[PDB]
Amino acid sequence: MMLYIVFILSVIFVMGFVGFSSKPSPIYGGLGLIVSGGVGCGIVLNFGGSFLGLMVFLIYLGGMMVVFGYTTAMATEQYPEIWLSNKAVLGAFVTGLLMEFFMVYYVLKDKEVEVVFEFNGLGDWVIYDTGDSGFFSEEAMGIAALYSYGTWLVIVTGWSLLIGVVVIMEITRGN
Amino acid sequence: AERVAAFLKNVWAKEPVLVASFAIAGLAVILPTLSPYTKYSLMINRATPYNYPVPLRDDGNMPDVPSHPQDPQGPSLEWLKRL
Amino acid sequence: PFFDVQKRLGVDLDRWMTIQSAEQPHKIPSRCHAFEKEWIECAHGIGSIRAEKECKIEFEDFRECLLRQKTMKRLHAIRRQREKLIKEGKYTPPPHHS
Amino acid sequence: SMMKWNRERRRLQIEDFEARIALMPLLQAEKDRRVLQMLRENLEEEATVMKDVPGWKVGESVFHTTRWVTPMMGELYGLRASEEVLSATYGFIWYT
Amino acid sequence: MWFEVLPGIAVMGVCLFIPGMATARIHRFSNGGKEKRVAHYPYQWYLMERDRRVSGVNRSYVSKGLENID
Amino acid sequence: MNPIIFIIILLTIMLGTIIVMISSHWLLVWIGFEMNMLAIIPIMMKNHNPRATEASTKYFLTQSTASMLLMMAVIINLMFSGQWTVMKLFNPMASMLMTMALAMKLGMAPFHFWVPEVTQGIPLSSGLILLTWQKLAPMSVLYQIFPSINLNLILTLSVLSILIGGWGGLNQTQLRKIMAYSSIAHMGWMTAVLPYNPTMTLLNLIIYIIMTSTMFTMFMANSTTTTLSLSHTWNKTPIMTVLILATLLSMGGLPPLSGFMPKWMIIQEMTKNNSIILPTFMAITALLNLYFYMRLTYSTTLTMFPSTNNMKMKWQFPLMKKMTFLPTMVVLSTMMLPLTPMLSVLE
Amino acid sequence: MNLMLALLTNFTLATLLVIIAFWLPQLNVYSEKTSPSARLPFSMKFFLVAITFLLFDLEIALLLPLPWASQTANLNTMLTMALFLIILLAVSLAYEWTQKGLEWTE
Amino acid sequence: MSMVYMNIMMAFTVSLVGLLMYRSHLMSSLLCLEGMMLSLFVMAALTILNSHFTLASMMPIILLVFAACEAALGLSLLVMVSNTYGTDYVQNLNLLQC
Amino acid sequence: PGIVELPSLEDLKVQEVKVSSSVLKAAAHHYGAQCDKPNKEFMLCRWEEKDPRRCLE
Amino acid sequence: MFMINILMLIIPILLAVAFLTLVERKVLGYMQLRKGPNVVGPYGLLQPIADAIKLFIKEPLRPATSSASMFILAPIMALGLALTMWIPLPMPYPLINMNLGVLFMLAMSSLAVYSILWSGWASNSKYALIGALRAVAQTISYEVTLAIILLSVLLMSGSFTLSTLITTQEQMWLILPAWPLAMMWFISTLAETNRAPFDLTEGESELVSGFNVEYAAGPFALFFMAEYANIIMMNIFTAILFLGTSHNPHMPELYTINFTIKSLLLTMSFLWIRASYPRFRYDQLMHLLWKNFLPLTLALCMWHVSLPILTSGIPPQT
Ligand SMILES: CCCCCCCCCCCCCCCCCC(=O)OC[C@H](COP(=O)(O)OCCN)OC(=O)CCCCCCCCCCCCCCCCC
Ligand SMILES: CCCCCCCCCCCCO[C@@H]1O[C@H](CO)[C@@H](O[C@H]2O[C@H](CO)[C@@H](O)[C@H](O)[C@H]2O)[C@H](O)[C@H]1O
């Protein structure tokens, strides 16, 4: 069962998404996204993306989601309605888990399902690469190349972040 | 001038943290272009062999390509041993 | 590009990352490097209308390398057949394979 | 002090990288034989298992090209114990 | 006196010393009296997997030398 | 806003669009849209009122949703082709997603609801940017991926846009809402001809921008945002009523004015491809737009609505708004039909 | 496997300590007591410190690959773009500083 | 395609449906927007990592950075809405109806 | 498509170097100097042929 | 075997935290011309045990929480993350040898701010929530310098591997080439862990600081243990980062003894500082970060990117 770690994680990934997509109180919506993000990083790690995975934790969870929860406390929620105590929220949550359960049922049984795209249920391990013996991390080499190959990317990305600071100060001044 | 020196005096008295910050940043941007050892950083990075050195098919007229690793021809790392 | 400023000025702003068979750090090749190279060279210069017909063999092999849809179909058939015979006791795994 | 020590560490790294380069031909030769043996073994079991499947050609390629294609993990370990497959797939990612 | 603070510091010191000492000793216990192998890159893991095959007992820390040559 | 910051923000809006237009890589196209959206929000918020905040929020939600769909299409395209080149997409699902994403960005029907509301909620100068410059980047992308676009989808979006734009404008008294529905209707012409001749998409876009720019500039010159406030112009600046009349007739596509040219050239291209029913339907439906352009000309230029006593005080002061390029734009908006063959410079 | 076991063990113990911290007091059986969204109002300044942290934190994401970037052959390009990023990070601070984005006085 | 893609594509679809079906809180809809980006980040990373497209390894970072910056802009607008009305309810944003 | 050609198990049989990586690491520098010629022929074959079946000898 | 290793890390951590509470009271006592605990056990050695038993059999507080799930999650998160921060530390060998161990520690610490936020949300008090938000703003602000300072030091180390910091300092402590970064690092760790003079959660300027105010909270002991585990861990990280201990592979215990002493001394300096200074105002500690540390940290980051290149001292990658 450990040989299907990626698939099991992706099932939890979808369940968390059905969590905040049914849109309970924003406080618990942030919790569903935080769990999904942590599971999402786990999936990326198991494909050899150690740096990319840790960026999710550092920047997406430790950065963006902290600010979401910060803003939710100040501007949105201070106490929440009990999760799944609302008709639409619970009905949406039940509907999502039924769709996920059936997708998982048919993919495991028939080893293949077809919705828009054709999906194979042999196991995500079968597509992996069989040749690895370099003395470095390919992922790290590709990211490090941002400063040599990606001059233009750095300029526009750097400009956008600076403009973000300016714009948000403009927006929030109020006059 | 002397107007310039007075201004440097006022900031050094009121904003020593910023004076140090701009001084350190200025060295960061200027010294690399002036340093003679900057060239060695590029050479050392190019002397590090991450990939296998694929051999060349010997057509018969590559005098400067060594046939054996211990032959005299080819790039030397003598400069690195001394550096 | 709508305005091909890069080609006019001869400056590479983003072409370096458009395909996986372009130069990579430390010459690390992508898994489908050979297939992409062959498809690109087949279709080069002739335009997309012609390429959609005359480089179909190269593109089909390139797509198989990318998503391995036919390789997985063949593996699934063997595995399905195998477990059928193990259920019926008409096949035994060898010492290796265990 | 940091400069001298990092220069020496760069020299030590080159020594370690050159030891690998000296060994790569032997490691490459072994890997090729190991890969080819596993594929040959899979083929033998395919002939047995798919003997009576109608229309099946044993060992057929899914590519039009006759060029050698590096097999994926499923093609090599497709018919093997879960422990060896698990080690081959996630062993490196899961090692500490 | 100030040296009556030391007994509590000694207890803290022993507690902080244990995890480092335990890990070192357990590593050598589990890897045949040697340091646990470090494999940060695929090449190092590739050699470790090769040693596990070469050992003949399925342990990468069992080393075979010239006695295996012939 | 500090005027220097206002200049930097406008230049960033332009930079985002320019990045989309020179990029050969899908990631850089996406970045150009992101940069563009970030820089335009402040100019919408700049007058600080609840209506401007609602419009900014509605615009942000629409554009962010579109940009996520665009990225989804790019990633699907990567999975099925292994490359990032801005060109025809290699998966029909990716094509549909990107086409819908770009339709949402353009405000095409049935993704149109935000255009009337967002335009109404922001100043005239911001609306001018929204309805002219903001069309350039999505059009430049559609111009490059059109060979892979589903023909039925793009023509359906075009027909609906022409119908909704025409009908939506009939019920409007607000000038900014009229220009929003006019933009939606004119959008449908540009996309309708795209599968057949993308050069005529560019021609219609250029002429639409010139005429729309002329209209907004004249509305800004007198600070008019409603039909009835525009009906006072005759008793302040009579020349402006004549210029407004000529431009509105041009936007109506009446010969011999410039606005007829794009309709004329699009009809020609569609008929060359044995498309007779669709151009006839489009031409007839465009009469809806002519109707609510003509209604404006009635209240502005061809009759004289009642004035107010305090209007006499305005007679004593000159127009001091810049009205940049207005004399040139109004001439191009009306007198260019004799130079129609010059459209080949767009080829 | 080991990392998963460590994370599971650490958060398992934390969970047990929490529940027994909540149950163990119930052994005393203490007497019953019988005796006891919207803005906060939130200051804009506290929102703006969080946003500034985020934007600065995103620029730090771009700087994290610097130790690897220094191994490249194109050191001049790498050093130019590294200093470019840090300088724009400084320019963001300077803009915030000179528009009183870092003040706490109302 | 591989099995994992089914779930990542489901997650994007789920968060997209969640984005298009509002309730009351504008905040709850922004979370669905961030959920969409998270699923794109994961699907992009899986495709790039598995194919060994080395130079594309930086693309998921750029995606995350630009999407977080756009999320900061969205949060700022939400705060300005909450200042005007005292809640982030989307039903108060209906002035432009007329 | 065709049948993928594979060598027989007997054709793949060689006397292996059953020493550990530390043994190989210790000998690596001298081994690289002494066995350069056959090693470099093998590596030239692998990069030119791009097929392990073509370099088994 | 690995399960033994985990417990031989977790249990001693909890014991060190317990007896750090005694060391703090006695060190603070003697700097204040008094003794501190010396009655409960010889030299107060049983005082941590008496406090622990007393706290766990104390009645739970009132009022009731606003969110039961968040009320329970916050202490689990705080303590779970605190223990997790220890698993990659090389002492000299780590429990988990990560290639990106430094980044792992950054990532895990950035998640510690959630327990503050969740406990404020679950406090059912408007004023308690506002206090939590001020604490979060302080924490994230000083995370900026910790990340940038850490990145600057790694440009001399060459990787994100924690055990590579040991090799980097084989000849010399990194505090010599980087004492300006060490100064700001050390203060940032104080502010990050809400330690005096940055302990505004325990200060006099909070809306909830009033003694007669009440809000849902607890358990006190679990939050306290998590905090003090982070104090020790940060000081262990500080020693590794700037005061690298020499490692002899044949005598690893010598590393551990010397490494433990340095960590203890750094931890004692936290107690030293708490005894010596008044408390910052909230706006003043924000000013310290945004207008002092951050400008200087950015400048020193520029310098440490440039310095290895211009001196030809770029460290190895592996
Ligand atoms: C080149 C080939 C292509 C050919 C296409 C046709 C080209 C013509 C379109 C050019 C663009 C429109 C500009 C035309 C110039 C208009 C000049 C004008 O009408 O005078 C303005 C007049 C002045 O009013 P006032 O400010 O009081 O000054 C008093 C003067 N001592 O203002 C007034 O007195 C108010 C007048 C009352 C309203 C009368 C409404 C009818 C106006 C008829 C002219 C409009 C023509 C546009 C339609 C096209 C005609 C074919
Ligand atoms: C196996 C281990 C089990 C865990 C055992 C935990 C034992 C905890 C013993 C704590 C000993 C007392 O330690 C002391 O406590 C008080 C809290 O009342 C702290 O007091 C501090 O926090 C409180 C608020 O929380 C403030 O009101 C006070 O002004 C401030 O000084 C002291 O900073 C600390 O030095």
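Below, read A as the first sequence line, B as the second, and so on, with proteins coming before strands; counting in each chain starts at 1. When a ligand or atom number is given, it counts from 1 through the structure's own listing order.
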Do J:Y277 and J:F198 have ring centres separated by under 6.0 Å? no
Assess whether salt bridge (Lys or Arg N to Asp or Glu O under 4.0 Å) is satisfied between J:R281 and J:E206, documenting all intermediate values. CA-CA 10 Å; J:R281 241 162 49 200; J:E206 295 275 52; over 6 Å; no
Counting only heavy atoms, which portion of F:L243 has something under 4.0 Å from ligand 1: side chain, backbone, both, or neither? side chain
Numbered in order shown, the ligand 2 atoms found under 4.0 Å of a heavy atom of J:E24 are 35 (O)
At what distance is the nearest protein heavy atom to atom 20 (O) of ligand 2, and which residue and atom is it? J:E202 OE2, 4.6 Å
In the protein, what heavy atom is nearest to atom 17 (C) of ligand 1, and what distance, to one decimal place, separates them? F:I239 CD1, 3.9 Å
Decide side-chain hydrogen bond (donor to acceptor under 3.5 Å, both in side chains) for F:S333 and F:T214; before the verdict, give the C-alpha distance in whole Å, the side-chain angles of both, and the deciding distance to 0.1 Å. CA-CA 8 Å; F:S333 291; F:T214 307; 3.0 Å; yes
Numbering the atoms of ligand 1 from 1, which are under 4.0 Å from a heavy atom of F:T301? 38 (C), 40 (C)
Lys/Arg N to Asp/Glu carboxylate O, J:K26 vs E:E4, below 4.0 Å: no
Less than 4.0 Å between atom 33 (O) of ligand 2 and some protein heavy atom, yes or no? yes
Do we see a donor-acceptor contact under 3.5 Å between the side chains of F:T233 and F:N222? no
Check: J:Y228 ring centre within less than 6.0 Å of J:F223 ring centre: no
Atom 15 (O) of ligand 2: nearest protein contact (heavy atom, Å): J:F224 CE1, 4.7 Å
Heavy-atom donor-acceptor pair, F:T297 side chain to F:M294 backbone, under 3.5 Å: yes
Would you confirm whether any non-hydrogen atom of the protein falls under 4.0 Å from atom 30 (C) of ligand 1? no
the protein heavy atom lying closest to atom 5 (C) of ligand 2 turns out to be J:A52 CB, 3.8 Å
Who gets closest to atom 13 (O) of ligand 2 by heavy atom: J:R195, J:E204, J:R25? J:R25
Give me the nearest non-hydrogen protein atom to atom 7 (C) of ligand 2 as residue plus atom name, then the distance to 0.1 Å. J:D51 CB, 4.1 Å
Which residue and heavy atom of the protein sit nearest atom 27 (O) of ligand 1, plus the separation: F:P238 CG, 3.8 Å
Side chains of F:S182 and F:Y293: do they bring a donor and an acceptor to under 3.5 Å? yes
Side chains of F:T247 and F:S250: any donor to acceptor distance under 3.5 Å? no
Between the CE atom in J:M8 and the CG atom in J:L95, the distance rounded to the nearest 0.5 Å is 12.0 Å
Which heavy atom of the protein is the closest neighbour of atom 3 (C) of ligand 2, given with residue, atom name and distance? J:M225 SD, 3.4 Å
Can you pull out the closest protein heavy atom to atom 1 (C) of ligand 2? Residue, atom name and distance to 0.1 Å, please. J:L14 O, 3.9 Å
Could you find the nearest protein heavy atom to atom 4 (C) of ligand 1 and give me its residue, atom name and distance? F:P256 CG, 4.4 Å
Contact bool for atom 12 (C) of ligand 1 (protein heavy atom, d < 4.0 Å): yes
Side chain to side chain contact (heavy atoms under 4.5 Å, CB included) between J:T267 and J:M234, intermediate numbers included: CA-CA 9 Å; J:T267 297; J:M234 288 308 272; over 6 Å; no
Students should be able to answer this: which protein heavy-atom is nearest to atom 14 (C) of ligand 1, and at what distance? F:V242 CG1, 4.1 Å
Is there a protein heavy atom less than 4.0 Å away from atom 38 (C) of ligand 1? yes
Atoms of ligand 1 close to F:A246 [distance to a heavy atom under 4.0 angstrom, numbered from 1]: 11 (C), 12 (C)
Of the protein's non-hydrogen atoms, which lies at the shortest distance from atom 18 (O) of ligand 2, and what is that distance? J:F220 CZ, 4.5 Å
From J:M108 atom CE to J:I87 atom CD1, the distance as rounded to the nearest 0.5 Å: 8.5 Å
Considering only the protein, which heavy-atom contact is closest to atom 48 (C) of ligand 1, and what is its distance? F:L249 CD1, 4.1 Å
Within-shell test, J:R274 vs ligand 2, heavy atom, strictly < 4.0 Å: yes
Which residue supplies the protein heavy atom nearest to atom 42 (C) of ligand 1, what is that atom called, and how far is it? F:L245 CD2, 4.0 Å
Is the contact between F:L257 and ligand 1 made by the side chain, the backbone, both, or neither, using heavy atoms and a 4.0 Å cut-off? side chain
Any side-chain donor near an acceptor of the partner, F:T334 and F:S258, under 3.5 Å: no
Step by step, work out the side-chain hydrogen bond (donor to acceptor under 3.5 Å, both in side chains) result for J:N5 and E:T23. CA-CA 6 Å; J:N5 216 332; E:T23 310; 3.1 Å; yes
Checking contacts now, so for atom 1 (C) of ligand 1, which I'm interested in, is there any protein heavy atom under 4.0 Å? yes
I need the nearest protein heavy-atom contact for atom 2 (C) of ligand 2: residue, atom name and distance, please. J:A18 CB, 3.6 Å
Please indicate, with yes or no, if any protein heavy atom is found under 4.0 Å from atom 51 (C) of ligand 1? no
Check whether any heavy atom of F:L337 sits under 4.0 Å from an atom of ligand 1. no
Side chains of F:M304 and F:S231, heavy atoms from C-beta outward: is any pair under 4.5 Å? no
Minimum-distance protein heavy atom relative to atom 10 (C) of ligand 1: F:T334 OG1, 4.0 Å
If the threshold is 4.0 Å, N to carboxylate O, is there a salt bridge linking J:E204 and J:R279? yes
Just by distance, with hydrogens left out, do F:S183 and F:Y208 show a side-chain donor and acceptor under 3.5 Å apart? yes
